[PDB]
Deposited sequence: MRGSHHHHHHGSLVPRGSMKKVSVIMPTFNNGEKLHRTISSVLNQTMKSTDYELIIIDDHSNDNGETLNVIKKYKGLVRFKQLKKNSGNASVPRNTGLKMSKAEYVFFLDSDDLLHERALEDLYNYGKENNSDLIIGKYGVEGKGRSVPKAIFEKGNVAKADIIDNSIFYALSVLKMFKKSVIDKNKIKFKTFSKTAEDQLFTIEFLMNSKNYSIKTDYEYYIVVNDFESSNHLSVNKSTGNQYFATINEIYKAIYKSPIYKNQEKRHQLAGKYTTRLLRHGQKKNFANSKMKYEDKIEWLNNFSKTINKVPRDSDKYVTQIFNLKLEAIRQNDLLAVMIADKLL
């Protein structure tokens, strides 16, 4: 049984993929203790991506999907089915691992009986930013969702204990193109106890209508409110309130109301947002950061003018 399976979807990455694969093969961890599973989502770049992968024949596991799924969920699920390791680590095909990432994260996890180990993120170039607050207290052996800002770091670019995934049948969902990674991490967090944060290095380097989206958000709230770990109803309210805050600070199209979106699309978007939030108990609202009090109430009331106004006052 391998210590770690690194699971990496590819699609039309081309020659730049060398740098990523190289970062995985050059680890302090013993090469025989881990594997890189590459799942190509039917690249169509005149064989450029496949030619890169072929250069590492014998050194990686590889599966080619027959059709392009359009999303990371299907290839990630494929990778999960192929892994029989102790832990999995998801890697995006443009990113880099620090040479000490697998060894340091695995060892910290084993030492602390961790279900989840989160290594400090670094970033290369302007673009998507990375979580920071989660790493500001140094190494944490037994982290807390609220106190260690975990709902602000919900990517799957982390080390997950495979048995938790298997026992709870946690799969990436394919309903929406967005936030399915958050749902996966939330489902995992709500079904496990032991989370660890490791900050010695930048272990992982990120390299730079709403029907479906809000169905995914709805699943996030459902996962919190059915958690067998966080069973206490007031605790669930606190967690839900924190997710609401994160959604208002960082969600997709957070500033839609005053945007150039067509009126009819704003109405439909807000309608989906409103329906989703109105399934979340009002008891969670007091745990939302209070600068958002008006915006949250405007969304509950499904009132576009009031959302527009709330955004002008923020």
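According to the record, no C-alpha positions are given for deposited positions 1-18, 227-239, numbered from 1.
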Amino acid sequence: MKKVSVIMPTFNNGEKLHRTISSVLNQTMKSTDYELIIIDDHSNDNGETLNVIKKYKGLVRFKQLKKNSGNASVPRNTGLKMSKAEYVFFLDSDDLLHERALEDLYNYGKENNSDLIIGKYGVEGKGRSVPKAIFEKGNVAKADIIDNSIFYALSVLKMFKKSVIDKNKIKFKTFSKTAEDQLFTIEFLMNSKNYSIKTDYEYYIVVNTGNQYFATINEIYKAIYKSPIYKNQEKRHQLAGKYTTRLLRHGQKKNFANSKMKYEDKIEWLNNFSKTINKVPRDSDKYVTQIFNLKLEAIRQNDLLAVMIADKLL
From here on, numbers count along this sequence of modelled residues.
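Heads up, when I say rigid core I mean the largest set of C-alphas that superpose within 1.5 Å between the two forms.
For the pair 1-9 and 304-312, rigid core superposition yields a higher RMS C-alpha distance in 5 other deposited structures of this protein in 304-312. Not even a third of the other compared entries skip residue 169; each one keeps it along with the residues on either side. Modelling of residue 127 is missing from a third or more of the other compared entries in which both of its neighbours are modelled. A summary of the deposited B-factors shows that, of 243-251 and 28-36, the stretch with the larger mean C-alpha value is 28-36. For the two regions 264-272 and 58-66, the entry's Cα B-factors average higher over 58-66. When the C-alpha B factors of 147, 234, 99, 180 are read from the deposited coordinates, the top value falls at 99. Out of 136, 187, 219, 115, the entry records its largest CA B-factor for 136. Ranked by Cα temperature factor within the chain, residue 44 sits in the highest third according to the deposited record. Among the modelled residues of its chain, residue 91 has a C-alpha B-factor that falls in the middle third according to the deposited record. When the modelled residues of the chain are ordered by their C-alpha B factor, residue 305 lands in the lowest third. Among all modelled residues in its chain, residue 51 ranks in the highest third by Cα B-factor. Residue-level temperature factors show residue 192 in the lowest third of its chain, judged at the C-alpha atom.
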